[PDB]
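Quick notes on the structure that follows.
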Amino acid sequence: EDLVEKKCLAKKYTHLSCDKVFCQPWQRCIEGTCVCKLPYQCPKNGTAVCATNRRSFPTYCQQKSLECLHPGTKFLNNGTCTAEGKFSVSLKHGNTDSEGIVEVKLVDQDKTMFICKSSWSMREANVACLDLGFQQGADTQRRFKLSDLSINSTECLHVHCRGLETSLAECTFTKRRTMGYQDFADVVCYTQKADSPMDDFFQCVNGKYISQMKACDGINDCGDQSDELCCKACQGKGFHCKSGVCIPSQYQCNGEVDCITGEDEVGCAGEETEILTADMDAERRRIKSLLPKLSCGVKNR
Amino acid sequence: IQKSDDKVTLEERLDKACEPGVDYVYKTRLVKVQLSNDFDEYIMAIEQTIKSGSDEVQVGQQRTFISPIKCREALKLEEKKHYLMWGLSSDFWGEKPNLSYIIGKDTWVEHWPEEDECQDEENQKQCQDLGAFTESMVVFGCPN
Amino acid sequence: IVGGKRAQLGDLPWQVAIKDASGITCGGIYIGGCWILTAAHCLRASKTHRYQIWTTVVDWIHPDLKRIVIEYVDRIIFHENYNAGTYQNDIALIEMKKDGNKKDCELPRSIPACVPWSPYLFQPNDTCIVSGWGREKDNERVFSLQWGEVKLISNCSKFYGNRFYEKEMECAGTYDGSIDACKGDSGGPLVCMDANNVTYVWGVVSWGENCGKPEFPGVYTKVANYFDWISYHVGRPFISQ
Amino acid sequence: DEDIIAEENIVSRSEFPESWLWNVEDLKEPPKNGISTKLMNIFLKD
Amino acid sequence: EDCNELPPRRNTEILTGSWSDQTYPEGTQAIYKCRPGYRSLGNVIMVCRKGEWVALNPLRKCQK
Ligand SMILES: *[C@@H]1O[C@H](CO)[C@@H](O)[C@H](O)[C@H]1NC(C)=O
Ligand SMILES: *[C@@H]1O[C@H](CO)[C@@H](O)[C@H](O)[C@H]1NC(C)=O
Ligand SMILES: *[C@@H]1O[C@H](CO)[C@@H](O)[C@H](O)[C@H]1NC(C)=O
Ligand SMILES: *[C@@H]1O[C@H](CO)[C@@H](O)[C@H](O)[C@H]1NC(C)=O
Ligand SMILES: *[C@@H]1O[C@H](CO)[C@@H](O)[C@H](O)[C@H]1NC(C)=O
Ligand SMILES: *[C@@H]1O[C@H](CO)[C@@H](O)[C@H](O)[C@H]1NC(C)=O
Ligand SMILES: [Ca+2]
Ligand SMILES: [Ca+2]
């Protein structure tokens, strides 16, 4: 069955292409490509944030916009900056430098903790490898299984991202208990060296190779929405837009227009976990709510 | 405006370049100067967009700033140099295929020292004022 | 417009008529503020002061004298790379003049129409509505406003050949249906509704070929290709990017 | 409880007219041996 | 059929829990709710008993 389109592949659409998906609040659309907007053009109704250069920005949007203009200035901590505060992510007990076990040293706490395997997915995988030096996100076909590793502690951090973030400091972090701690977060960052096909190439725009079944399933396996902006029908439980983009299942009736057409949020008639540097992903949807609203195509007066 | 060789502080630059007349504020670099009998053209590449207006930028692309030949002598614009330029929206001229900029009566044109030159002590004052200016305009802007 | 029903006040608010000294020629669509989207070939007259713009036109050679508000024409804008032979880039903008007391155009009746940003917004087999001041059969019936439903058809190069261009044009026609906008309803709106019933301007009546039933569907210049052209002139407008 | 319709999902019968179907129909169908048959859909009362 | 994803989003039902994870072990039942405008005899229950998602109540559905 022909799930991938041929004419769309010539353009190699990314998350910056307006012709498939909305831009981010810190971006506008110009000639079908999301281009970074100036920091003073962001809405001014938000909270202060801290970057990697220990510089304070009035709102979240301006930090991402300046990061957009000058790359490298990632995110650090919610609120004002801290002198000794630093966010670090490392890989321990790895046979090489491109695999191992996920460890996170938060800006708040000095203690370096591990991640559950239940909360790990492709959304948080590619964002993890990004600030680690792997420009092509994480690998989908290769998984790192332990050498029968003995784990002492039981503390875990439950992680949730969107998929297009630039560092794991942006995503929400919650601490959870795990009896015995059989959960175990692994990661295999993608290893580059260019190749030849066979092997169901399904080439990404960034150049990463994944399996057939991984594309057009609602999952952003490439890291820049390359296997999702070129679909005629979705593989798994992903929903299909009129344009030709596959979105995750929980993106329906979630309070945010995902498709450019907007058919995912029609006919929609449808929590003890705690704190740790507050979720910025929700602030992204809040800023979108403060975008230029006005009437067009309204039935009523 | 020739507003230089006077008290050209930081408040002055913020106050002048924030007027409603001023539409765009760009930092440009003079690539080539084609001298002519009719007009003068300064093909400049907009290195950084401090404030954007009608023309939507790519960084790397170039735009030609046209000026009457009588003005060539008042500010000898040399190639491979940088400048802080801001102007009105009324200084636009062309449909879009040949869209040029006019250094008019309200066009601010200040010389921008090179990075090795800012280490020098003669350009020290101007370098500090200009760097701050760009930062304040991008993040904070004009109060409106 | 041929087969269709009489428009009445509430239906199709985005419809705008343009009337010259000699009757009514074509008609555009209101997209908010003081801007109108029409065809370039119809208004290529540069006699801007004599041109008139009518809204909530209802039924002609009577009207409702109450909310039959008309506005003057201030400025014309034609597409530069417009070709007269192949009818490419057949798009134009109209700026309406308003008195100095109230800035911008305050039109409380007709409702603006959003503008598409991507060619992937609408696909063939979609229920679209073409409405204007056109000719059923061949009758000079440019007296009553008619509207009817049409569907977009894909790959129009089979029926017109060298004259059609898929990057800059789009075809709308009904299979086995003879309902086809033709002649008198030029520059009119090709409006299609989404799942939210948001009203978009997919195209405006560019050219065609002597009506002709479901054999040769009407050709409309596609708006989504000229999104940057309209956005450049109106200053990043109503619709969310 | 289990295996029973909730109270709010039960629509009580309320239409108890002593007489209804006070309608008018015209036989415009193509005759068959002079007889024109007209199929009429009606909604019964409660 | 491999409990490493969320339950099958039904056509005329809706979920009831938080479901803030992705992989679920040991008979993790999924109680579906009848969408507004639909009636049923009770909560349709789906179960993940290792190997596959299954339906605990086949003969129970949400009618209009
Ligand atoms: C942000 O929200 C509204 C405008 O959206 C503003 O009035 C309010 O003061 C702001 N919030 C806070 C906590 O100041
Ligand atoms: C952290 O950010 C969130 C979202 O922007 C905000 O609600 C919260 O008040 C912030 N916390 C502090 C201490 O500023
Ligand atoms: C894990 O470490 C803690 C702290 O050192 C210790 O109390 C506990 O006994 C350890 N558990 C095992 C199984 O070694
Ligand atoms: C949809 O298009 C197909 C051909 O692409 C056609 O066979 C079918 O009849 C169309 N359906 C509708 C409802 O227009
Ligand atoms: C599409 O149009 C071309 C004409 O350029 C025609 O040759 C071709 O057969 C059409 N496609 C199909 C599937 O018929
Ligand atoms: C507009 O909403 C109504 C529901 O009241 C219905 O016609 C349909 O869902 C929408 N129309 C279109 C064309 O999608
Ligand atoms: Ca995928
Ligand atoms: Ca959604």
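Letters for chains follow the order of the structure tokens (A, B, ...), residue numbers begin at 1 for each chain, and ligand numbers begin at 1 in the order shown.
Selection of all polymer residues within 6 Å of ligand 5 on the basis of only C-alpha atoms and all ligand atoms gives residues 155, 157 and 158 of chain C.
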Shell of 6 Å around ligand 8 (only C-alpha atoms and all ligand atoms), written as a ChimeraX atom specification: /A:251-258,264-265
Using only C-alpha atoms, which residues of chain A come within 8 Å of chain B, and what is the closest atom pair for each, with the distance in Å to one decimal? Give it as CSV, sorted by chain and residue number.
```
residue,atom,partner,partner_atom,distance
A:38,CA,B:138,CA,6.0
A:39,CA,B:139,CA,4.6
A:40,CA,B:139,CA,4.7
A:62,CA,B:139,CA,7.0
```
Got a sec to pull out which chain E residues are within 8 Å of chain D, counting only C-alpha atoms, and send them as a ChimeraX atom specification? /E:39-42
Using DSSP secondary structure from the backbone, list all alpha helix (DSSP H) positions within stretch 2-241 of chain C, as a PyMOL selection string. chain C and resi 157-160+227-234
Would you mind listing what lies within 9 Å of stretch 16-28 of chain B as a PyMOL selection string, with only C-alpha atoms counted and same-chain residues fewer than 2 positions away left out? chain B and resi 11-14+30+44-55+81-90+106-108+112+134+137+141-143
Please produce an output containing N, CA, C and O atoms for each residue in the selection, written as a compact mmCIF listing (two decimals), in the first residue's frame.
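This went into selection_30.txt:
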```txt
# COMPACT_ATOMS: atom_id res chain seq x y z
N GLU B 11 20.80 57.49 24.66
CA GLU B 11 19.42 57.97 24.68
C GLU B 11 19.04 58.60 23.34
O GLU B 11 17.92 58.43 22.87
N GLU B 12 19.98 59.32 22.73
CA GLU B 12 19.72 59.98 21.45
C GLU B 12 19.38 58.95 20.37
O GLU B 12 18.40 59.10 19.64
N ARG B 13 20.21 57.91 20.25
CA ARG B 13 19.96 56.87 19.25
C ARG B 13 18.63 56.18 19.51
O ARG B 13 17.86 55.92 18.57
N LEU B 14 18.34 55.86 20.77
CA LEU B 14 17.07 55.21 21.08
C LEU B 14 15.90 56.13 20.77
O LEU B 14 14.88 55.68 20.24
N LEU B 30 28.59 47.32 3.24
CA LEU B 30 28.72 47.82 1.87
C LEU B 30 29.53 46.84 1.02
O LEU B 30 30.76 46.80 1.10
N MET B 44 24.41 46.75 -0.54
CA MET B 44 24.76 46.34 0.81
C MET B 44 24.05 45.05 1.22
O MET B 44 22.89 44.84 0.86
N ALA B 45 24.75 44.19 1.96
CA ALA B 45 24.15 42.98 2.50
C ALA B 45 23.78 43.22 3.96
O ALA B 45 24.65 43.48 4.79
N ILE B 46 22.48 43.12 4.26
CA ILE B 46 21.92 43.27 5.61
C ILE B 46 22.37 42.14 6.53
O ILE B 46 21.75 41.07 6.57
N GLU B 47 23.45 42.37 7.29
CA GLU B 47 23.98 41.33 8.16
C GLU B 47 23.05 40.99 9.32
O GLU B 47 22.90 39.82 9.67
N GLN B 48 22.41 41.99 9.93
CA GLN B 48 21.51 41.70 11.05
C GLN B 48 20.35 42.69 11.04
O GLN B 48 20.54 43.89 10.83
N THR B 49 19.16 42.15 11.28
CA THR B 49 17.89 42.88 11.29
C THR B 49 17.43 43.31 12.69
O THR B 49 16.69 42.60 13.37
N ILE B 50 17.89 44.49 13.09
CA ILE B 50 17.62 45.02 14.42
C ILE B 50 16.13 45.33 14.59
O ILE B 50 15.54 45.10 15.65
N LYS B 51 15.50 45.86 13.54
CA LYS B 51 14.07 46.10 13.45
C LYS B 51 13.65 45.90 12.00
O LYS B 51 14.26 46.48 11.10
N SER B 52 12.62 45.09 11.78
CA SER B 52 12.15 44.79 10.43
C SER B 52 10.87 45.53 10.08
O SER B 52 10.03 45.82 10.94
N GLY B 53 10.72 45.86 8.79
CA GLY B 53 9.53 46.56 8.36
C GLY B 53 8.80 45.98 7.16
O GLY B 53 8.33 44.84 7.21
N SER B 54 8.70 46.76 6.07
CA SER B 54 7.99 46.27 4.89
C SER B 54 8.74 45.15 4.18
O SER B 54 8.17 44.10 3.89
N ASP B 55 10.02 45.36 3.90
CA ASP B 55 10.84 44.35 3.24
C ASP B 55 11.11 43.20 4.20
O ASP B 55 11.61 43.42 5.31
N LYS B 81 32.97 47.81 4.45
CA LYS B 81 32.67 48.45 5.72
C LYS B 81 31.24 48.18 6.15
O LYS B 81 30.38 47.79 5.35
N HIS B 82 30.98 48.40 7.44
CA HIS B 82 29.67 48.19 8.03
C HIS B 82 29.07 49.52 8.48
O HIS B 82 29.79 50.49 8.73
N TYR B 83 27.75 49.55 8.59
CA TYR B 83 27.03 50.77 8.95
C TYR B 83 25.75 50.42 9.69
O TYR B 83 25.11 49.40 9.41
N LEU B 84 25.37 51.28 10.63
CA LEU B 84 24.04 51.24 11.25
C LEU B 84 23.13 52.21 10.51
O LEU B 84 23.36 53.42 10.52
N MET B 85 22.09 51.68 9.87
CA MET B 85 21.18 52.46 9.05
C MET B 85 19.73 52.22 9.45
O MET B 85 19.29 51.07 9.54
N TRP B 86 19.00 53.30 9.69
CA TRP B 86 17.57 53.22 9.91
C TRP B 86 16.90 54.32 9.09
O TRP B 86 17.49 55.37 8.83
N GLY B 87 15.66 54.06 8.69
CA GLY B 87 14.97 54.96 7.78
C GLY B 87 13.47 54.82 7.85
O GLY B 87 12.93 53.93 8.52
N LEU B 88 12.81 55.71 7.13
CA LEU B 88 11.36 55.79 7.09
C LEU B 88 10.81 54.77 6.09
O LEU B 88 11.54 54.20 5.28
N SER B 89 9.50 54.55 6.17
CA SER B 89 8.87 53.65 5.21
C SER B 89 8.60 54.38 3.91
O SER B 89 8.34 53.75 2.88
N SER B 90 8.67 55.71 3.95
CA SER B 90 8.49 56.58 2.80
C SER B 90 9.73 56.61 1.91
O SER B 90 9.71 57.27 0.86
N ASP B 106 15.49 61.71 6.27
CA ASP B 106 15.29 61.07 7.56
C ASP B 106 16.09 59.77 7.70
O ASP B 106 15.75 58.94 8.55
N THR B 107 17.12 59.57 6.88
CA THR B 107 17.93 58.35 6.92
C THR B 107 19.21 58.50 7.73
O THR B 107 20.12 59.25 7.36
N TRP B 108 19.27 57.77 8.85
CA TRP B 108 20.43 57.72 9.74
C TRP B 108 21.49 56.80 9.14
O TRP B 108 21.21 55.62 8.87
N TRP B 112 30.00 51.74 11.20
CA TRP B 112 30.17 50.66 12.17
C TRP B 112 31.58 50.07 12.18
O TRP B 112 32.00 49.45 11.19
N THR B 134 21.66 47.74 19.63
CA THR B 134 21.11 46.56 18.97
C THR B 134 20.38 45.65 19.96
O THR B 134 19.25 45.22 19.70
N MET B 137 17.04 47.23 21.24
CA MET B 137 16.02 47.27 20.20
C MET B 137 15.45 45.89 19.90
O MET B 137 14.24 45.75 19.71
N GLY B 141 12.94 46.92 22.33
CA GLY B 141 12.27 47.78 21.37
C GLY B 141 11.94 49.13 21.97
O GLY B 141 12.50 49.57 22.99
N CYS B 142 10.97 49.80 21.30
CA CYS B 142 10.19 51.04 21.28
C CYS B 142 8.95 50.84 22.12
O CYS B 142 8.24 49.84 21.96
N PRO B 143 8.67 51.82 22.98
CA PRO B 143 7.57 51.63 23.92
C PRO B 143 6.24 52.02 23.28
O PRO B 143 5.90 53.20 23.17
```
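The nearest approach to chain C among the residues A:103, A:277, A:241, A:93, with only C-alpha atoms taken into account, belongs to A:241.
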Give me, as a ChimeraX atom specification, the residues of stretch 7-200 of chain C that a backbone DSSP run labels strand (DSSP E or B). /C:15-19,24-26,29-30,35-38,52-55,59,70-78,92-97,114,127-132,144,146-153,169-172,189-193,199-200
Export C-alpha atoms of the chosen residues as a PDB file, in the first residue's frame?
```
ATOM      1  CA  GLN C  15     -19.678  38.927  -1.952  1.00  0.00           C
ATOM      2  CA  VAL C  16     -18.797  42.319  -3.419  1.00  0.00           C
ATOM      3  CA  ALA C  17     -19.988  43.785  -6.716  1.00  0.00           C
ATOM      4  CA  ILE C  18     -18.029  46.234  -8.858  1.00  0.00           C
ATOM      5  CA  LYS C  19     -20.098  48.447 -11.161  1.00  0.00           C
ATOM      6  CA  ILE C  24     -21.877  45.834 -13.881  1.00  0.00           C
ATOM      7  CA  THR C  25     -18.815  44.001 -15.184  1.00  0.00           C
ATOM      8  CA  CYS C  26     -17.430  41.605 -12.560  1.00  0.00           C
ATOM      9  CA  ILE C  29     -14.539  39.515  -2.461  1.00  0.00           C
ATOM     10  CA  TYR C  30     -13.962  41.366   0.817  1.00  0.00           C
ATOM     11  CA  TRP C  35      -8.947  45.562   0.673  1.00  0.00           C
ATOM     12  CA  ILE C  36     -10.752  43.610  -2.055  1.00  0.00           C
ATOM     13  CA  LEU C  37      -9.567  40.541  -3.987  1.00  0.00           C
ATOM     14  CA  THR C  38     -10.618  40.511  -7.656  1.00  0.00           C
ATOM     15  CA  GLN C  52     -17.728  51.804  -7.793  1.00  0.00           C
ATOM     16  CA  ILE C  53     -17.855  49.047  -5.172  1.00  0.00           C
ATOM     17  CA  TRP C  54     -21.120  47.667  -3.784  1.00  0.00           C
ATOM     18  CA  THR C  55     -21.716  45.362  -0.816  1.00  0.00           C
ATOM     19  CA  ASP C  59     -31.141  41.652  -5.799  1.00  0.00           C
ATOM     20  CA  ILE C  70     -21.294  51.229  -1.274  1.00  0.00           C
ATOM     21  CA  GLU C  71     -17.723  52.502  -0.980  1.00  0.00           C
ATOM     22  CA  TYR C  72     -15.459  54.434  -3.327  1.00  0.00           C
ATOM     23  CA  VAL C  73     -12.234  53.104  -4.853  1.00  0.00           C
ATOM     24  CA  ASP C  74      -8.964  54.689  -3.690  1.00  0.00           C
ATOM     25  CA  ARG C  75      -6.142  52.611  -5.170  1.00  0.00           C
ATOM     26  CA  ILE C  76      -5.594  49.788  -7.648  1.00  0.00           C
ATOM     27  CA  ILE C  77      -2.890  47.111  -7.515  1.00  0.00           C
ATOM     28  CA  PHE C  78      -2.302  44.793 -10.472  1.00  0.00           C
ATOM     29  CA  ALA C  92      -5.500  42.346  -8.266  1.00  0.00           C
ATOM     30  CA  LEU C  93      -6.164  44.273  -5.065  1.00  0.00           C
ATOM     31  CA  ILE C  94      -8.561  47.160  -4.448  1.00  0.00           C
ATOM     32  CA  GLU C  95      -8.100  49.769  -1.722  1.00  0.00           C
ATOM     33  CA  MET C  96     -11.335  51.467  -0.651  1.00  0.00           C
ATOM     34  CA  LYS C  97     -11.265  55.133   0.333  1.00  0.00           C
ATOM     35  CA  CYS C 114      -9.929  34.477   5.183  1.00  0.00           C
ATOM     36  CA  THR C 127     -17.933  21.090  -1.699  1.00  0.00           C
ATOM     37  CA  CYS C 128     -17.157  24.613  -2.930  1.00  0.00           C
ATOM     38  CA  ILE C 129     -19.534  27.480  -3.711  1.00  0.00           C
ATOM     39  CA  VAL C 130     -19.160  29.910  -6.628  1.00  0.00           C
ATOM     40  CA  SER C 131     -21.395  32.984  -6.489  1.00  0.00           C
ATOM     41  CA  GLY C 132     -21.588  36.123  -8.588  1.00  0.00           C
ATOM     42  CA  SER C 144     -30.436  38.460  -9.615  1.00  0.00           C
ATOM     43  CA  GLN C 146     -27.235  33.225  -8.096  1.00  0.00           C
ATOM     44  CA  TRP C 147     -25.138  30.765  -6.105  1.00  0.00           C
ATOM     45  CA  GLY C 148     -24.485  27.054  -6.450  1.00  0.00           C
ATOM     46  CA  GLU C 149     -22.278  24.273  -5.164  1.00  0.00           C
ATOM     47  CA  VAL C 150     -19.285  23.042  -7.165  1.00  0.00           C
ATOM     48  CA  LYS C 151     -16.503  20.525  -6.571  1.00  0.00           C
ATOM     49  CA  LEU C 152     -12.792  20.937  -7.220  1.00  0.00           C
ATOM     50  CA  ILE C 153     -11.381  18.552  -9.825  1.00  0.00           C
ATOM     51  CA  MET C 169      -4.578  28.018 -11.492  1.00  0.00           C
ATOM     52  CA  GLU C 170      -7.273  25.639 -10.279  1.00  0.00           C
ATOM     53  CA  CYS C 171     -10.354  24.023 -11.824  1.00  0.00           C
ATOM     54  CA  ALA C 172     -13.785  23.610 -10.235  1.00  0.00           C
ATOM     55  CA  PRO C 189     -15.262  34.069  -5.155  1.00  0.00           C
ATOM     56  CA  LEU C 190     -14.515  30.360  -5.152  1.00  0.00           C
ATOM     57  CA  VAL C 191     -15.376  29.781  -1.493  1.00  0.00           C
ATOM     58  CA  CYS C 192     -14.981  26.449   0.295  1.00  0.00           C
ATOM     59  CA  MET C 193     -15.666  25.624   3.937  1.00  0.00           C
ATOM     60  CA  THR C 199     -14.660  30.505   4.966  1.00  0.00           C
ATOM     61  CA  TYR C 200     -11.617  30.643   2.667  1.00  0.00           C
TER      62      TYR C 200
END
```
Tell me the residues of chain C close to chain A, meaning within 7 Å using only C-alpha atoms, as a PyMOL selection string. chain C and resi 111-114+118+120-121+194-196+198-199+228+238+240-241
Print the selection's residues with N, CA and C atoms to a file, as a compact mmCIF listing (two decimals), in the first residue's frame.
```
# COMPACT_ATOMS: atom_id res chain seq x y z
N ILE C 111 -19.16 40.19 5.82
CA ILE C 111 -18.19 39.55 6.71
C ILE C 111 -16.94 39.23 5.90
N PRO C 112 -15.75 39.54 6.40
CA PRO C 112 -14.53 39.26 5.65
C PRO C 112 -14.32 37.77 5.42
N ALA C 113 -13.47 37.47 4.44
CA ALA C 113 -13.16 36.11 4.03
C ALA C 113 -11.67 35.88 4.21
N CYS C 114 -11.32 34.81 4.90
CA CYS C 114 -9.93 34.48 5.18
C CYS C 114 -9.19 34.12 3.89
N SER C 118 -1.50 27.83 2.19
CA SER C 118 -0.87 26.65 1.63
C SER C 118 -1.76 26.03 0.55
N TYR C 120 -2.12 23.00 0.11
CA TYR C 120 -2.63 21.75 0.66
C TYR C 120 -3.85 21.94 1.55
N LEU C 121 -4.36 23.17 1.68
CA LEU C 121 -5.50 23.42 2.56
C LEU C 121 -6.76 22.73 2.05
N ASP C 194 -14.25 24.62 5.62
CA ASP C 194 -13.46 23.58 6.25
C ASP C 194 -14.32 22.85 7.28
N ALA C 195 -13.68 22.02 8.12
CA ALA C 195 -14.42 21.30 9.14
C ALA C 195 -14.99 22.24 10.20
N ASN C 196 -14.31 23.35 10.46
CA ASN C 196 -14.82 24.37 11.36
C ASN C 196 -15.78 25.35 10.69
N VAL C 198 -14.92 27.51 8.61
CA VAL C 198 -14.18 28.73 8.29
C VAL C 198 -14.19 28.94 6.78
N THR C 199 -14.45 30.18 6.37
CA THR C 199 -14.66 30.51 4.97
C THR C 199 -13.36 31.02 4.36
N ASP C 228 1.96 35.35 -0.49
CA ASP C 228 2.97 36.35 -0.17
C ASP C 228 2.72 37.66 -0.91
N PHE C 238 -5.37 39.86 8.64
CA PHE C 238 -6.33 39.36 9.62
C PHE C 238 -5.95 37.97 10.10
N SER C 240 -4.58 34.27 11.14
CA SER C 240 -3.43 33.75 11.87
C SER C 240 -2.50 33.02 10.92
N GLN C 241 -1.20 33.31 11.02
CA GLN C 241 -0.21 32.64 10.17
C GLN C 241 -0.17 31.14 10.44
```
Within 12 Å of chain A, which residues of chain E show up when using only C-alpha atoms, listed as a PyMOL selection string? chain E and resi 3-25+32-38
Enter the distance from atom CA of residue A:276 to atom 3 (C, counted along the ligand's line) of ligand 3, in Å, rounded to one decimal.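 That distance, rounded to one decimal, is 23.5 Å.
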